[PDB]
file upload07.cif (mmCIF, C-alpha atoms and all ligand atoms)
data_start
#
loop_
_atom_site.label_atom_id
_atom_site.label_comp_id
_atom_site.auth_asym_id
_atom_site.auth_seq_id
_atom_site.Cartn_x
_atom_site.Cartn_y
_atom_site.Cartn_z
CA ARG I 1 28.53 19.23 0.73
CA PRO I 2 27.50 16.75 -1.98
CA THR I 3 27.11 17.86 -5.61
CA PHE I 4 23.50 18.22 -6.68
CA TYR I 5 21.93 17.80 -10.04
CA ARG I 6 18.69 19.09 -11.44
CA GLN I 7 15.90 17.46 -13.34
CA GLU I 8 12.19 18.16 -14.01
CA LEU I 9 9.82 15.44 -12.87
CA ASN I 10 6.18 15.99 -13.93
CA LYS I 11 5.64 19.44 -12.51
CA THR I 12 8.75 20.52 -10.60
CA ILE I 13 12.52 20.72 -10.61
CA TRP I 14 14.11 18.08 -8.36
CA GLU I 15 17.55 19.05 -7.20
CA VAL I 16 19.18 16.05 -5.35
CA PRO I 17 22.64 14.79 -4.44
CA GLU I 18 24.36 12.69 -7.16
CA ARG I 19 24.20 9.56 -4.98
CA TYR I 20 20.48 9.40 -5.86
CA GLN I 21 19.94 7.98 -9.37
CA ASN I 22 17.08 6.84 -11.60
CA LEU I 23 14.43 8.98 -10.03
CA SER I 24 11.02 7.92 -11.12
CA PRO I 25 7.67 9.55 -9.88
CA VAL I 26 5.54 7.31 -7.66
CA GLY I 27 3.02 9.73 -5.94
CA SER I 28 2.02 13.39 -5.70
CA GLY I 29 -0.27 15.63 -3.56
CA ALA I 30 -0.50 19.18 -2.17
CA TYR I 31 1.94 18.41 0.72
CA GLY I 32 4.67 16.60 -1.35
CA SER I 33 5.55 14.27 -4.14
CA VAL I 34 7.64 11.12 -4.15
CA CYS I 35 10.06 9.52 -6.55
CA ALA I 36 11.59 6.05 -6.30
CA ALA I 37 15.42 6.16 -6.72
CA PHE I 38 18.53 4.07 -6.30
CA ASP I 39 20.89 5.31 -3.60
CA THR I 40 24.33 4.47 -4.95
CA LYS I 41 25.91 5.17 -1.57
CA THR I 42 24.02 2.46 0.29
CA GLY I 43 22.85 0.12 -2.43
CA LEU I 44 19.23 0.77 -1.30
CA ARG I 45 16.10 1.37 -3.33
CA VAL I 46 14.82 4.57 -1.69
CA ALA I 47 11.78 6.83 -1.76
CA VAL I 48 12.54 10.58 -1.99
CA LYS I 49 9.82 12.94 -0.87
CA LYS I 50 10.12 16.55 -1.99
CA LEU I 51 7.85 18.64 0.17
CA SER I 52 5.65 21.00 -1.80
CA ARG I 53 6.51 24.67 -0.83
CA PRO I 54 7.13 23.58 2.73
CA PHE I 55 7.28 27.17 4.20
CA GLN I 56 4.28 28.65 2.34
CA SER I 57 2.23 29.21 5.57
CA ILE I 58 2.62 28.64 9.39
CA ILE I 59 0.60 25.45 9.04
CA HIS I 60 2.78 24.04 6.27
CA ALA I 61 6.05 25.11 8.03
CA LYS I 62 5.01 23.52 11.32
CA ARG I 63 3.84 20.32 9.56
CA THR I 64 7.25 20.14 7.74
CA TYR I 65 9.06 20.56 11.07
CA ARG I 66 6.77 17.95 12.70
CA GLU I 67 7.27 15.30 10.06
CA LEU I 68 11.08 15.90 10.06
CA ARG I 69 11.19 15.61 13.89
CA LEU I 70 9.12 12.47 13.86
CA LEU I 71 11.14 10.75 11.20
CA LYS I 72 14.47 11.78 12.81
CA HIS I 73 13.35 10.14 16.09
CA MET I 74 11.80 6.85 14.88
CA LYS I 75 14.37 4.05 15.06
CA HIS I 76 12.63 0.71 15.20
CA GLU I 77 12.44 -2.34 12.83
CA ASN I 78 8.64 -2.02 12.43
CA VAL I 79 8.49 1.73 11.90
CA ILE I 80 9.65 3.72 8.95
CA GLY I 81 12.92 5.65 9.69
CA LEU I 82 14.78 8.42 7.98
CA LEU I 83 17.65 7.39 5.68
CA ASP I 84 18.56 11.00 4.70
CA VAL I 85 17.24 14.51 4.62
CA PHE I 86 18.69 17.18 2.34
CA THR I 87 18.26 20.60 0.83
CA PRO I 88 20.15 22.19 -2.13
CA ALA I 89 20.32 25.47 -0.08
CA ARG I 90 23.76 26.48 1.09
CA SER I 91 22.45 28.77 3.83
CA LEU I 92 19.35 29.51 5.87
CA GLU I 93 18.76 32.59 3.67
CA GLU I 94 18.33 30.48 0.52
CA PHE I 95 16.59 27.52 2.24
CA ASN I 96 13.28 26.70 0.64
CA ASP I 97 13.07 23.07 -0.18
CA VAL I 98 13.28 19.94 1.96
CA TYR I 99 13.66 16.37 0.72
CA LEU I 100 13.19 13.36 2.97
CA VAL I 101 14.48 9.90 2.09
CA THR I 102 13.27 6.53 3.33
CA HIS I 103 13.48 2.94 2.22
CA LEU I 104 11.35 2.29 -0.84
CA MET I 105 8.37 0.20 0.29
CA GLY I 106 6.80 -2.53 -1.94
CA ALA I 107 3.43 -4.05 -1.20
CA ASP I 108 1.09 -2.69 1.41
CA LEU I 109 -1.27 -4.71 3.52
CA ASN I 110 -4.19 -4.12 1.08
CA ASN I 111 -2.06 -5.77 -1.58
CA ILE I 112 -1.57 -8.68 0.88
CA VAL I 113 -5.22 -9.09 2.10
CA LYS I 114 -6.94 -8.49 -1.29
CA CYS I 115 -5.22 -11.59 -2.88
CA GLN I 116 -3.46 -14.12 -0.62
CA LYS I 117 -4.25 -17.15 1.51
CA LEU I 118 -3.78 -15.67 5.04
CA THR I 119 -3.25 -18.41 7.54
CA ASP I 120 -3.74 -17.77 11.26
CA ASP I 121 0.06 -17.90 11.53
CA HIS I 122 0.39 -15.01 9.02
CA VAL I 123 -2.20 -13.02 10.90
CA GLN I 124 -0.34 -13.55 14.25
CA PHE I 125 2.96 -12.45 12.65
CA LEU I 126 1.59 -9.37 10.84
CA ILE I 127 -0.44 -8.14 13.82
CA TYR I 128 2.49 -8.92 16.19
CA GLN I 129 4.71 -6.63 14.20
CA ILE I 130 2.15 -3.75 14.04
CA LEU I 131 1.76 -4.01 17.88
CA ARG I 132 5.59 -4.18 18.31
CA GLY I 133 5.91 -0.92 16.21
CA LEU I 134 3.02 0.67 18.20
CA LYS I 135 4.46 -0.24 21.60
CA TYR I 136 7.52 1.72 20.38
CA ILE I 137 5.77 4.77 19.00
CA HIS I 138 3.26 4.95 21.83
CA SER I 139 6.15 4.76 24.42
CA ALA I 140 7.17 8.17 22.92
CA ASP I 141 3.55 9.47 23.12
CA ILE I 142 3.55 9.48 19.29
CA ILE I 143 0.03 8.59 18.07
CA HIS I 144 -0.41 7.54 14.48
CA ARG I 145 -4.22 8.30 14.23
CA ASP I 146 -4.51 7.05 10.63
CA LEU I 147 -3.50 3.45 10.91
CA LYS I 148 -5.11 1.50 7.97
CA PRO I 149 -3.86 -1.30 5.65
CA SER I 150 -2.51 1.19 3.05
CA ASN I 151 -0.15 2.62 5.71
CA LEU I 152 1.42 -0.74 6.48
CA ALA I 153 4.14 -2.00 4.12
CA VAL I 154 4.95 -5.69 4.01
CA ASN I 155 7.87 -7.47 2.22
CA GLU I 156 7.94 -10.95 0.60
CA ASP I 157 9.05 -12.30 4.04
CA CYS I 158 5.83 -10.77 5.61
CA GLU I 159 8.06 -8.22 7.50
CA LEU I 160 6.05 -5.05 8.18
CA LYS I 161 6.73 -1.32 8.78
CA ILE I 162 4.28 1.30 9.90
CA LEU I 163 4.30 4.46 7.77
CA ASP I 164 2.20 7.33 6.72
CA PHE I 165 2.07 7.65 2.83
CA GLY I 166 -0.30 10.59 3.02
CA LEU I 167 0.68 13.40 0.66
CA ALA I 168 -2.51 15.46 0.78
CA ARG I 169 -3.79 18.14 3.19
CA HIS I 170 -5.85 16.88 6.21
CA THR I 171 -9.57 17.38 5.36
CA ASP I 172 -13.38 16.81 5.86
CA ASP I 173 -14.03 15.88 2.20
CA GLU I 174 -11.38 13.04 2.80
CA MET I 175 -13.38 11.08 5.47
CA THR I 176 -16.71 11.44 3.60
CA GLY I 177 -18.83 8.57 2.35
CA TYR I 178 -17.88 4.93 1.48
CA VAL I 179 -14.17 5.38 2.05
CA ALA I 180 -11.29 3.41 3.56
CA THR I 181 -9.92 6.66 5.04
CA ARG I 182 -12.64 6.33 7.72
CA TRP I 183 -13.25 2.58 8.10
CA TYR I 184 -10.38 2.03 10.48
CA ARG I 185 -10.86 5.13 12.64
CA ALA I 186 -11.79 4.86 16.35
CA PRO I 187 -15.35 6.14 16.84
CA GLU I 188 -14.19 8.91 19.32
CA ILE I 189 -11.93 10.32 16.57
CA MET I 190 -14.54 9.73 13.88
CA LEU I 191 -17.18 11.76 15.69
CA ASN I 192 -14.84 13.98 17.85
CA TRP I 193 -16.37 12.65 21.08
CA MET I 194 -13.43 13.63 23.29
CA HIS I 195 -9.70 14.21 23.66
CA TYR I 196 -8.40 10.96 22.20
CA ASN I 197 -5.53 8.82 23.52
CA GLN I 198 -2.97 6.44 21.93
CA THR I 199 -5.50 3.51 22.00
CA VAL I 200 -7.24 5.18 19.00
CA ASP I 201 -4.54 3.24 17.13
CA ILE I 202 -5.47 -0.09 18.95
CA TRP I 203 -9.04 0.30 17.62
CA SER I 204 -7.54 0.53 14.13
CA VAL I 205 -5.47 -2.54 14.82
CA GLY I 206 -8.69 -4.47 15.78
CA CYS I 207 -10.25 -3.38 12.45
CA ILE I 208 -7.14 -4.45 10.47
CA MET I 209 -6.78 -7.76 12.32
CA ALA I 210 -10.57 -8.56 11.70
CA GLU I 211 -10.02 -7.85 8.01
CA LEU I 212 -6.97 -10.11 7.72
CA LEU I 213 -9.00 -12.92 9.40
CA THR I 214 -12.20 -12.59 7.24
CA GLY I 215 -10.83 -10.83 4.13
CA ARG I 216 -13.58 -8.24 4.49
CA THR I 217 -13.71 -4.70 5.90
CA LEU I 218 -15.04 -4.91 9.41
CA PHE I 219 -16.99 -1.61 9.40
CA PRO I 220 -17.41 -0.53 5.71
CA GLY I 221 -19.80 2.37 6.51
CA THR I 222 -21.33 4.45 3.76
CA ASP I 223 -20.93 7.56 5.89
CA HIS I 224 -20.04 8.42 9.53
CA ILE I 225 -23.49 7.51 10.89
CA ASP I 226 -23.87 4.31 8.95
CA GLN I 227 -20.39 3.33 10.18
CA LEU I 228 -21.28 4.23 13.80
CA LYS I 229 -24.34 1.88 13.49
CA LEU I 230 -22.19 -0.97 12.17
CA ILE I 231 -19.85 -0.41 15.12
CA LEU I 232 -22.51 -0.31 17.82
CA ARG I 233 -24.16 -3.33 16.30
CA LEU I 234 -20.97 -5.33 16.97
CA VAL I 235 -19.68 -3.84 20.26
CA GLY I 236 -23.03 -2.73 21.72
CA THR I 237 -24.30 0.77 22.54
CA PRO I 238 -22.38 2.82 25.18
CA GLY I 239 -23.28 2.44 28.81
CA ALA I 240 -23.56 5.25 31.38
CA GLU I 241 -19.81 5.36 32.21
CA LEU I 242 -18.77 5.95 28.63
CA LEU I 243 -21.59 8.45 28.01
CA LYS I 244 -20.13 10.75 30.74
CA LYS I 245 -16.76 10.78 29.03
CA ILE I 246 -18.34 12.15 25.87
CA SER I 247 -17.51 15.83 26.45
CA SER I 248 -19.49 16.85 23.38
CA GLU I 249 -23.08 17.34 24.56
CA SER I 250 -24.65 17.19 21.14
CA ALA I 251 -22.68 13.95 20.42
CA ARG I 252 -23.64 12.53 23.83
CA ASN I 253 -27.21 13.48 23.18
CA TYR I 254 -27.16 11.85 19.69
CA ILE I 255 -25.95 8.44 21.03
CA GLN I 256 -28.81 8.40 23.61
CA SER I 257 -31.32 8.54 20.78
CA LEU I 258 -30.18 5.13 19.56
CA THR I 259 -31.98 1.91 20.51
CA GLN I 260 -29.84 0.04 23.01
CA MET I 261 -28.00 -3.00 21.61
CA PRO I 262 -25.96 -5.63 23.43
CA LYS I 263 -22.36 -6.49 22.46
CA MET I 264 -22.55 -9.38 19.91
CA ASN I 265 -20.91 -12.76 20.24
CA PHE I 266 -17.53 -12.36 18.37
CA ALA I 267 -17.14 -16.14 17.84
CA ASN I 268 -20.30 -15.98 15.79
CA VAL I 269 -19.01 -13.00 13.73
CA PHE I 270 -15.45 -14.41 13.30
CA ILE I 271 -16.54 -17.97 12.47
CA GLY I 272 -13.78 -20.49 12.51
CA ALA I 273 -11.13 -18.06 13.85
CA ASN I 274 -8.61 -18.99 16.51
CA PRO I 275 -10.41 -18.47 19.86
CA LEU I 276 -7.37 -16.50 21.07
CA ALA I 277 -7.73 -14.17 18.05
CA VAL I 278 -11.32 -13.74 19.00
CA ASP I 279 -10.37 -12.98 22.60
CA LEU I 280 -7.80 -10.39 21.49
CA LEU I 281 -10.32 -8.74 19.18
CA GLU I 282 -12.79 -8.41 22.04
CA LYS I 283 -10.08 -6.55 24.07
CA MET I 284 -9.16 -4.26 21.15
CA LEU I 285 -12.56 -3.37 19.89
CA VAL I 286 -13.95 -1.86 23.11
CA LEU I 287 -15.86 1.38 22.64
CA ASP I 288 -14.51 3.04 25.79
CA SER I 289 -10.96 3.83 24.93
CA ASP I 290 -9.95 3.85 28.64
CA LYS I 291 -10.70 0.06 28.64
CA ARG I 292 -8.97 -1.00 25.40
CA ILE I 293 -5.92 -3.27 25.67
CA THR I 294 -2.63 -1.30 25.05
CA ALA I 295 0.04 -2.37 22.55
CA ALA I 296 2.31 -3.48 25.42
CA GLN I 297 -0.44 -5.54 27.04
CA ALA I 298 -1.42 -7.04 23.64
CA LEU I 299 2.17 -8.28 22.87
CA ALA I 300 1.80 -10.37 26.10
CA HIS I 301 -1.53 -11.94 24.96
CA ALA I 302 -1.44 -15.68 24.32
CA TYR I 303 -2.34 -15.17 20.65
CA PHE I 304 1.30 -14.05 20.16
CA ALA I 305 3.00 -16.83 22.14
CA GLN I 306 5.08 -18.00 19.16
CA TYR I 307 6.47 -14.47 18.55
CA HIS I 308 6.46 -12.54 21.84
CA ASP I 309 9.83 -11.83 23.33
CA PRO I 310 9.80 -9.20 26.02
CA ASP I 311 13.59 -8.67 25.62
CA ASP I 312 13.20 -7.81 21.93
CA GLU I 313 10.23 -5.34 22.04
CA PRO I 314 11.98 -2.00 22.57
CA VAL I 315 10.63 1.36 23.68
CA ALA I 316 11.65 4.68 22.23
CA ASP I 317 13.94 7.39 23.56
CA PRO I 318 12.06 10.30 25.15
CA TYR I 319 10.51 12.46 22.44
CA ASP I 320 10.09 16.14 23.15
CA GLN I 321 7.00 17.48 21.44
CA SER I 322 6.66 20.67 23.38
CA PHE I 323 7.03 22.49 20.05
CA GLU I 324 3.40 21.50 19.41
CA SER I 325 2.27 24.29 21.71
CA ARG I 326 4.92 26.85 20.59
CA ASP I 327 3.57 29.97 18.90
CA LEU I 328 6.17 30.66 16.14
CA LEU I 329 6.41 32.70 12.93
CA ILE I 330 7.06 31.06 9.59
CA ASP I 331 10.74 31.96 9.57
CA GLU I 332 11.24 30.54 13.11
CA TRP I 333 9.65 27.22 12.08
CA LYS I 334 11.82 27.43 9.00
CA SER I 335 15.05 27.99 11.03
CA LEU I 336 14.23 25.15 13.47
CA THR I 337 13.64 22.90 10.44
CA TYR I 338 16.95 24.04 8.88
CA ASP I 339 18.87 23.14 12.03
CA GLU I 340 17.29 19.69 12.02
CA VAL I 341 18.24 19.16 8.37
CA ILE I 342 21.86 20.19 8.90
CA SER I 343 22.23 18.19 12.19
CA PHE I 344 20.97 14.89 10.67
CA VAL I 345 23.26 11.88 11.05
CA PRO I 346 22.52 8.87 8.88
CA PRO I 347 21.68 5.47 10.35
CA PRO I 348 24.40 2.70 10.47
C1 LIG I 401 10.08 9.19 1.39
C2 LIG I 401 9.19 9.32 2.61
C3 LIG I 401 9.30 10.50 3.41
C4 LIG I 401 8.49 10.64 4.58
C5 LIG I 401 7.52 9.64 4.87
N1 LIG I 401 6.71 9.84 6.03
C6 LIG I 401 6.11 8.92 6.77
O1 LIG I 401 6.07 7.70 6.47
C7 LIG I 401 5.44 9.39 8.05
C8 LIG I 401 4.94 10.73 8.21
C9 LIG I 401 4.31 11.07 9.42
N2 LIG I 401 4.26 10.12 10.39
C10 LIG I 401 4.77 8.87 10.27
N3 LIG I 401 4.64 7.99 11.36
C11 LIG I 401 3.57 8.32 12.30
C12 LIG I 401 3.70 7.49 13.60
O2 LIG I 401 3.80 6.08 13.27
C13 LIG I 401 4.91 5.83 12.38
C14 LIG I 401 4.75 6.56 11.04
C15 LIG I 401 5.36 8.43 9.05
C16 LIG I 401 7.38 8.49 4.07
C17 LIG I 401 8.21 8.33 2.91
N4 LIG I 401 8.14 7.19 2.10
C18 LIG I 401 7.16 7.18 1.18
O3 LIG I 401 6.31 8.04 1.11
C19 LIG I 401 7.10 6.03 0.23
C20 LIG I 401 6.33 6.17 -0.93
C21 LIG I 401 6.27 5.09 -1.84
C22 LIG I 401 6.98 3.93 -1.52
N5 LIG I 401 6.98 2.83 -2.36
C23 LIG I 401 6.23 2.86 -3.63
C24 LIG I 401 5.16 1.75 -3.74
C25 LIG I 401 3.93 1.74 -2.83
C26 LIG I 401 4.31 1.60 -1.34
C27 LIG I 401 3.22 0.75 -0.66
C28 LIG I 401 2.31 0.30 -1.82
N6 LIG I 401 3.08 0.53 -3.07
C29 LIG I 401 2.25 0.52 -4.32
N7 LIG I 401 7.76 3.87 -0.38
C30 LIG I 401 7.85 4.90 0.52
#
call {"tool": "encode", "arguments": {"input": "upload07.cif", "output": "structure tokens"}}
result
Amino acid sequence: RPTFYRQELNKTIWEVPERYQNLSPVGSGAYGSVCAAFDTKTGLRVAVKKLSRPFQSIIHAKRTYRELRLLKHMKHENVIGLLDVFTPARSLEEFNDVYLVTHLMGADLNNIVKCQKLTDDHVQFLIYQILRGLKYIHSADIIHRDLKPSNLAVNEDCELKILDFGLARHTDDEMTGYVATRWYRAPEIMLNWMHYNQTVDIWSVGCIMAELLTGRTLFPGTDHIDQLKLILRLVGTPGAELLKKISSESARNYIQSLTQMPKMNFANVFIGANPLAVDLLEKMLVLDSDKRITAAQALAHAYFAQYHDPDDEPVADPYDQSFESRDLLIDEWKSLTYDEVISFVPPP
């Protein structure tokens, strides 16, 4: 057992192993708060997330367990992994806090797009890496669902990892109005049209890739409906096949009220872009999610010829998420989480 020390940081007491020094607050929300630190054991700059009252309700306890499971499984160069997980508790009886440790990220992709010269080469490399990461997570049936430039971290070498920095509770208020939390979302998620699949994240990749090519948000809607109109303007209104797959009858009935529009010419929206980038965008930004290119198919697209190596694009180990349908009490979620904390083995 390491020795732990205590310190107050803004609003709470952080109790962490001695290896972790120079803790400095970097973010806070209702689900957790994060400090940057130096891990003296590995020489790494690390982020330390202390979950906020992780076992306060069934919803919080299950979300704690879910995030811990996910981070324990994800072992890929383009996906955030878990460097450490700890608790000051010496037994299940006293277990109440959970701290998760990852590499400390620097710039995100907003910090890249808002103020650099992005060549086509940069765009190929950055999108290649997102798709490489997504082939991996999707091979485990892990769906991100909130892929957006602020969740992609990028180093000075343009190396990228997919994360989720979200520290707040999931919410309606959050996706309301002229907000980046909605601009990248697939329209079937945005309007709850149907059970969504892993290509919700490929739609987001199309939106991010468009934005690296033009420097502008592709669909900066002022609300859900305005955004839906921007979308349909570009990709055209749904045809009969897609309409049937809209299980929501009110939603299906709303889209039929709209004047039909044809899919636009993407070379005339993405003026000057590499024709192969334009081709790829046409395959990503398809309204019917059954017809969208997958991450694995996209990595094989000619746009990525300079980067694609089918022997160096790995898939994940099988990921059991049967717990998602398990009906458990707070203390059972808490014990499952405890076992995962104590069984953690650090990466090499
Ligand atoms: C410590 C920690 C603990 C857990 C997590 N969780 C996740 O990333 C996470 C949670 C749920 N799902 C995840 N998955 C979903 C499937 O696709 C892969 C990602 C990922 C993430 C962190 N890391 C951070 O939150 C973090 C915070 C700040 C930071 N650097 C500070 C500077 C910021 C970073 C980018 C822009 N900068 C201003 N680095 C890491």
call {"tool": "residues_around", "arguments": {"input": "upload07.cif", "residues": "residue 267 (chain I)", "least_positions_apart": "5", "cutoff": "10 Å", "atoms": "only C-alpha atoms", "output": "ChimeraX atom specification"}}
result
/I:272-275,277-279,282
call {"tool": "atom_distance", "arguments": {"input": "upload07.cif", "atom1": "CA of residue 37 (chain I)", "atom2": "CA of residue 63 (chain I)"}}
result
24.5 Å
call {"tool": "residues_near_ligand", "arguments": {"input": "upload07.cif", "ligand": "ligand LIG 401 (chain I)", "cutoff": "6 Å", "atoms": "all atoms listed in the file", "output": "number ranges by chain"}}
result
I: 47-49, 67, 79-80, 100-102, 104-108, 143-144, 153, 162-165
call {"tool": "closest_residue", "arguments": {"input": "upload07.cif", "among": "I:131, I:123, I:300, I:142", "to": "residue 317 (chain I)", "atoms": "all atoms listed in the file"}}
result
I:142
call {"tool": "atom_distance", "arguments": {"input": "upload07.cif", "atom1": "CA of residue 324 (chain I)", "atom2": "CA of residue 35 (chain I)"}}
result
29.4 Å
call {"tool": "closest_residue", "arguments": {"input": "upload07.cif", "among": "I:99, I:270, I:193, I:219", "to": "residue 244 (chain I)", "atoms": "only C-alpha atoms"}}
result
I:193
call {"tool": "axis_aligned_box", "arguments": {"input": "upload07.cif", "around": "region 294-299 of chain I", "padding_each_side": "8 Å", "output": "AutoDock Vina command-line options"}}
result
--center_x -0.2 --center_y -4.8 --center_z 24.8 --size_x 20.9 --size_y 23.0 --size_z 20.5
call {"tool": "closest_residue", "arguments": {"input": "upload07.cif", "among": "I:326, I:135, I:308, I:334", "to": "residue 96 (chain I)", "atoms": "all atoms listed in the file"}}
result
I:334
call {"tool": "residues_near_point", "arguments": {"input": "upload07.cif", "point": "(-17.4, -2.1, 14.5)", "cutoff": "8 Å", "atoms": "all atoms listed in the file", "output": "JSON, numbers by chain"}}
result
{"I": [207, 218, 219, 227, 228, 230, 231, 232, 233, 234, 235, 285]}
call {"tool": "residues_near_point", "arguments": {"input": "upload07.cif", "point": "(-24.8, -4.6, 23.6)", "cutoff": "6 Å", "atoms": "only C-alpha atoms", "output": "VMD selection string"}}
result
chain I and resid 236 to 237 261 to 263
call {"tool": "write_last_selection", "arguments": {"input": "upload07.cif", "atoms": "C-alpha atoms", "output": "compact mmCIF listing (two decimals), keeping the file's coordinate frame"}}
result
# COMPACT_ATOMS: atom_id res chain seq x y z
CA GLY I 236 -23.03 -2.73 21.72
CA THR I 237 -24.30 0.77 22.54
CA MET I 261 -28.00 -3.00 21.61
CA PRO I 262 -25.96 -5.63 23.43
CA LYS I 263 -22.36 -6.49 22.46
call {"tool": "closest_residue", "arguments": {"input": "upload07.cif", "among": "I:258, I:246, I:168, I:126", "to": "residue 205 (chain I)", "atoms": "all atoms listed in the file"}}
result
I:126
call {"tool": "closest_residue", "arguments": {"input": "upload07.cif", "among": "I:78, I:250, I:335, I:176", "to": "residue 190 (chain I)", "atoms": "all atoms listed in the file"}}
result
I:176
call {"tool": "closest_residue", "arguments": {"input": "upload07.cif", "among": "I:229, I:114, I:50, I:62", "to": "residue 9 (chain I)", "atoms": "all atoms listed in the file"}}
result
I:50
call {"tool": "atom_distance", "arguments": {"input": "upload07.cif", "atom1": "CA of residue 290 (chain I)", "atom2": "CA of residue 206 (chain I)"}}
result
15.4 Å
call {"tool": "residues_around", "arguments": {"input": "upload07.cif", "residues": "residue 54 (chain I)", "least_positions_apart": "4", "cutoff": "7 Å", "atoms": "all atoms listed in the file", "output": "ChimeraX atom specification"}}
result
/I:60-61,64,97
call {"tool": "write_last_selection", "arguments": {"input": "upload07.cif", "atoms": "C-alpha atoms", "output": "mmCIF file, keeping the file's coordinate frame"}}
result
data_model
loop_
_atom_site.group_PDB
_atom_site.id
_atom_site.type_symbol
_atom_site.label_atom_id
_atom_site.label_comp_id
_atom_site.auth_asym_id
_atom_site.auth_seq_id
_atom_site.Cartn_x
_atom_site.Cartn_y
_atom_site.Cartn_z
ATOM 1 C CA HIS I 60 2.780 24.040 6.270
ATOM 2 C CA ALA I 61 6.050 25.110 8.030
ATOM 3 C CA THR I 64 7.250 20.140 7.740
ATOM 4 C CA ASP I 97 13.070 23.070 -0.180
#
call {"tool": "residues_around", "arguments": {"input": "upload07.cif", "residues": "residue 186 (chain I)", "least_positions_apart": "3", "cutoff": "7 Å", "atoms": "all atoms listed in the file", "output": "list in words"}}
result
residues 189, 190, 200, 203 and 204 of chain I
call {"tool": "residues_around", "arguments": {"input": "upload07.cif", "residues": "residue 27 (chain I)", "least_positions_apart": "2", "cutoff": "10 Å", "atoms": "all atoms listed in the file", "output": "list in words"}}
result
residues 24, 25, 29, 32, 33, 34, 35, 36, 49, 165, 166 and 167 of chain I
